[PDB]
Amino acid sequence: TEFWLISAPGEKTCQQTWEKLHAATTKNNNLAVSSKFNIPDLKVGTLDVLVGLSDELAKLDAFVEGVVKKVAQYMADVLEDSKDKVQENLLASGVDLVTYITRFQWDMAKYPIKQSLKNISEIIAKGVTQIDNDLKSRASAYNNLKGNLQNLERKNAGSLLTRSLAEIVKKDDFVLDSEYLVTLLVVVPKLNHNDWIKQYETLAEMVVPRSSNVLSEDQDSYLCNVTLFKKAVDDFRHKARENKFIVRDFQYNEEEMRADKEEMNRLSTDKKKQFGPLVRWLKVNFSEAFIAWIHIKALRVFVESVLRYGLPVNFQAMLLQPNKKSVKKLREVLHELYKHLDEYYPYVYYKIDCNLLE
Amino acid sequence: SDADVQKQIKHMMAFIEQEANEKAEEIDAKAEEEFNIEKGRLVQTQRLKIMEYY
Amino acid sequence: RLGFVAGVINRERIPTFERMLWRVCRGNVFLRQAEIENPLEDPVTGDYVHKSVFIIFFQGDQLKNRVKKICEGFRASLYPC
Amino acid sequence: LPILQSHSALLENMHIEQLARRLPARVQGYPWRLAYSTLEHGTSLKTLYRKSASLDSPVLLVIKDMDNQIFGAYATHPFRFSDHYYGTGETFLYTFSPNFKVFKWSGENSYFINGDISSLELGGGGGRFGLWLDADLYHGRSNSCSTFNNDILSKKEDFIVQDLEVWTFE
């Protein structure tokens, strides 16, 4: 969904050109759903300001579009499930994008019409620059917690080669806290385990018989403790690797199993405690960034109209919702209505894109 | 076409008329601001000095 | 402050020159031009060129920079008056 | 619902809520951080400026006079020295009298905030100030100014500050 904005002079007052315009764009065929657009009478001034703004507002448009797109994408990045509900949460003035475009309001309190075009443009630049500063801050908060929970999940997923020791390690399977004794830990495929049950006793000297003790088994593999005298261990581990038996030593590490459990609980809980505030801040920031984005469109339209028609203003700001089947005929009617005024056009032209919600 | 050149000449008159007023209004606005600041700072300082004397 | 420039350009460049002036100084440039009473001789090649005078009017230095950039783009020469 | 402060303050939880109801959207729902306080820091104008000069955020001023009345202002920018006026229309003055009262911008002039070498001041309208404080934050003045059309705020037009604080949003 896309909307077009235009502006052009009235014959003596703004109404008179609109009456012909909106009729032709809706009555020749449904070329666009057509209306006035809500740009107020901002305080005019010197060409030095208007031309400076005519370049600065274009740089600010590209920046503010990038910021409001990033706000929308951050809301999509917290909505990792219910992705389609993005369009129910991206709102401006409390309504859907197409609605606040169609029903635009200039904020005469946040952007007082009696201020200069430079002052209003700087309020947008500063405000949205702080939204970008907030997006850098909130990314550093969220993306690290996201990545840590993904790594905790990767430590739970897959076979005994990747799932967590904290789910399977128990004290009775270990021989530790000793001068001459060690417990080693090894992973083996479920087929190869039938050899491993005997073969571990052949890897090194100083191994007691019947000392392989499985912690658990799965769809691919087994993990076992091996209990043995200390002299065996370095030859045992090296010859295990040379025979593709994968060493994964974890000697009942109470601090590490406690860390995996507490951090799995914490990072899930903290990701939820980020998600709520993030959706609220991203709603306010999206509202303000999209409002301010359309205020750059309104400023570009206004500044170019006060340029193209000077200070004795009678122009109408206008809104169109083009139909893709007839958009070439829409341009032809807009030209037919306005060819006497002078991509480029004899009328003022700009657009708004609703695909922030994809 | 000369008619559009005459429109542009009339537009240039509107810019410089209101730009001359805009420069004057900035000078006047600064004059009122400096009047307020100078009168306020001086009066309150001297008023406090005579109040300490009282 | 008011501002203006005056200069000389080859006569065939005028339609693109005035269009570009109205693009950079968006919709707003007062100007005039006329052909010189004879073509003028090139100091290096000795070719005779059908040059034309022009004059351009505006406000402030921001428009002075736009009109001057387009004059240089069409290889036109401005003079003080 | 009502805001949490980083420390104790001149204000009760009912005062905090009554002020929090008036916050603009840039600062709504933020906890309040102590910028300056006569209860925690040196009683002087230069200290208030120095403690505020590292900020780049809105602030809440709070005052208790020697007649126990509480008053102050929300302001869009930190307190500092200023050659000209600064601040924007979200700035307002307030008091508890004993009920809470607020005095938002009149629209008449941009004379929101200024700082002299030897004073801090709010508002304009000739020789009048909506708030004024000396170099010690000891003597102060408060009367109706055209920037806010405010009441006296203190118990008397001339007042002595018992205590003063500045807070910000973080």
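Each answer follows from the model by the rule given with it, or from the source it names; nothing here is a laboratory result. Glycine gets a Cβ as well: all are built from the backbone with ideal geometry, and neighbour counts include every protein chain shown.
Taking only segment D:40-93 into account, find how many residues are within 14 Å of chain B (Cβ to nearest Cβ), over 17 Å from D:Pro24 (Cα atoms) and not acidic (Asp, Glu). Steps first, please.
Of segment D:40-93, the ones within 14 Å of chain B (Cβ to nearest Cβ) are D:45, D:81-87.
From what's left, over 17 Å from D:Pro24 (Cα atoms): D:45, D:81-86.
Still in the running and not acidic (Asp, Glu): D:45, D:81-82, D:84-86.
Count: 6.
The set of residues in segment D:94-116 that are touching a helix residue (DSSP H, G or I) at 6+ places or on another chain (Cβ under 9 Å) and either among the aromatic types (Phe, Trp, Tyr) or within 10 Å of chain B (Cβ to nearest Cβ) (or both) comprises D:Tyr94, D:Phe96, D:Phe100, D:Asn109, D:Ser110, D:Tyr111, D:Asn114, D:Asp116. Filtered by the rule that a residue be among the acidic types (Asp, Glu), under 29 Å from D:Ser54 (Cβ atoms) and part of a loop (DSSP other than H, G, I, E, B), segment D:129-170 gives D:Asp136, D:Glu170.
Listed by first and then second residue, the pairs linking a residue in segment A:271-298 that is in the same structural domain as A:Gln87 (by CATH) to a residue that is assigned to a helix (DSSP H, G or I) and of a type in the set (S, T, N, Q), with Cβ atoms under 6 Å apart and 6 or more places separating them unless they lie on different chains, form an empty list. No other residue among C:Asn28, C:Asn65 is in contact with a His (Cβ under 7 Å, 6 or more places away or on another chain) and either within 12 Å of chain A (Cβ to nearest Cβ) or charged (D, E, K, R) (or both) apart from C:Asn28. The single condition among (1) part of a loop (DSSP other than H, G, I, E, B); (2) surrounded by fewer than 18 Cβ atoms within 10 Å (Cβ to Cβ) that D:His77 does not satisfy is (2). Under 26 Å from the mean Cα position of the chain (by Cα), away from chain B (no Cβ under 14 Å) and either crowded, with 22+ Cβ neighbours inside 10 Å or of a type in the set (A, V, I, L, M) (or both) - does that describe any residue in segment A:297-308? Checked segment A:297-308: at least one residue is under 26 Å from the mean Cα position of the chain (by Cα), away from chain B (no Cβ under 14 Å) and either crowded, with 22+ Cβ neighbours inside 10 Å or of a type in the set (A, V, I, L, M) (or both). Could you check segment C:48-70 and list, in sequence order, the residues that are over 15 Å from C:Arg11 (Cβ atoms) and not aliphatic (A, V, I, L, M)? Within segment C:48-70, C:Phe57, C:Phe58, C:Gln59, C:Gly60, C:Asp61, C:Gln62, C:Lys64, C:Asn65, C:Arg66, C:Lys68, C:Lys69 qualify.
Restricted to segment A:299-333, and to residues there that are charged (D, E, K, R) and in the same structural domain as A:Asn119 (by CATH), the residue that is farthest from A:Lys126 (Cα to Cα) is A:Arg308.
Out of the residues in segment D:129-170 that are charged (D, E, K, R) and crowded, with 22+ Cβ neighbours inside 10 Å, which is farthest from D:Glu40 (Cα to Cα)?
Among those that are charged (D, E, K, R) and crowded, with 22+ Cβ neighbours inside 10 Å, it is D:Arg141.
For segment A:182-201, the criterion of a residue being at positive phi and surrounded by 14 or more Cβ atoms within 10 Å (Cβ to Cβ) is satisfied by no position.
One line per residue, one yes/no per condition, for (1) farther than 24 Å from A:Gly45 by Cβ; (2) surrounded by 14 or more Cβ atoms within 10 Å (Cβ to Cβ):
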position	(1), (2)
B:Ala3	yes, no
B:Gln6	no, no
B:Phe15	no, yes
B:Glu25	no, no
B:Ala29	no, no
B:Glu32	no, no
B:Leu48	yes, yes
B:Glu52	yes, no
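Identify the residue in segment D:86-114 that is closer than 16 Å to B:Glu34 by Cα and crowded, with 20+ Cβ neighbours inside 10 Å and, among all such residues, is farthest from the chain's Cα centre (by Cα). Filtering first and then ranking leaves D:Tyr111. Highlighted here are the strands (runs of 3 or more DSSP E) found entirely within chain C that include at least 2 residues which are of a type outside the set (D, E, K, R) and under 21 Å from B:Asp2 (Cα atoms): C:2-10, C:30-35, C:51-59.
Being surrounded by fewer than 14 Cβ atoms within 10 Å (Cβ to Cβ), over 30 Å from A:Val68 (Cβ atoms) and more than 17 Å from the chain's Cα centre (by Cα) is true for just one of A:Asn253, A:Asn265. Which residue is that? Break it down stepwise before answering.
On the way: A:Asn253 fails: surrounded by fewer than 14 Cβ atoms within 10 Å (Cβ to Cβ).
Only one candidate qualifies: A:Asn265.
Of all residues in segment A:246-303, those satisfying the criterion of being within 30 Å of A:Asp235 (Cα to Cα) and of a type outside the set (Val, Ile, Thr) are A:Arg248, A:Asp249, A:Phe250, A:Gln251, A:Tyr252, A:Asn253, A:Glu254, A:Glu255, A:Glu256, A:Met257. Residues that are assigned to a loop (DSSP other than H, G, I, E, B), over 21 Å from A:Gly127 (Cα atoms) and among the acidic types (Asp, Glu) within segment D:38-74 comprise D:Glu40, D:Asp67, listed in sequence order. The set of residues in segment B:1-30 that are charged (D, E, K, R), more than 8 Å from chain A (Cβ to nearest Cβ) and under 23 Å from D:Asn109 (Cβ atoms) comprises B:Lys23, B:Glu25, B:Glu26, B:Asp28, B:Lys30.
Listed conditions (1) assigned to a helix (DSSP H, G or I); (2) away from every other protein chain (no Cβ under 12 Å) are all met by A:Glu343, apart from (1). Can you report the number of residues in segment D:126-154 which are of a type in the set (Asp, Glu) and more than 9 Å from every other protein chain (Cβ to nearest Cβ)? Total meeting the criteria: 2.
The number of residues in segment C:22-43 being loosely packed, with under 12 Cβ neighbours inside 10 Å and on the phi > 0 side of the Ramachandran plot comes to 0.
Mind telling me which of the residues A:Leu47, A:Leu21 ends up being surrounded by 14 or more Cβ atoms within 10 Å (Cβ to Cβ) and within 14 Å of chain B (Cβ to nearest Cβ)?
Details: A:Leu21 fails: within 14 Å of chain B (Cβ to nearest Cβ).
So the residue among A:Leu47, A:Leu21 that is surrounded by 14 or more Cβ atoms within 10 Å (Cβ to Cβ) and within 14 Å of chain B (Cβ to nearest Cβ) is A:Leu47.
When A:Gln219 is tested against (1) out of contact with any helix residue (DSSP H, G or I) (no Cβ under 9 Å at 6 or more places or on another chain); (2) part of a helix (DSSP H, G or I), exactly one condition is not met: (2).
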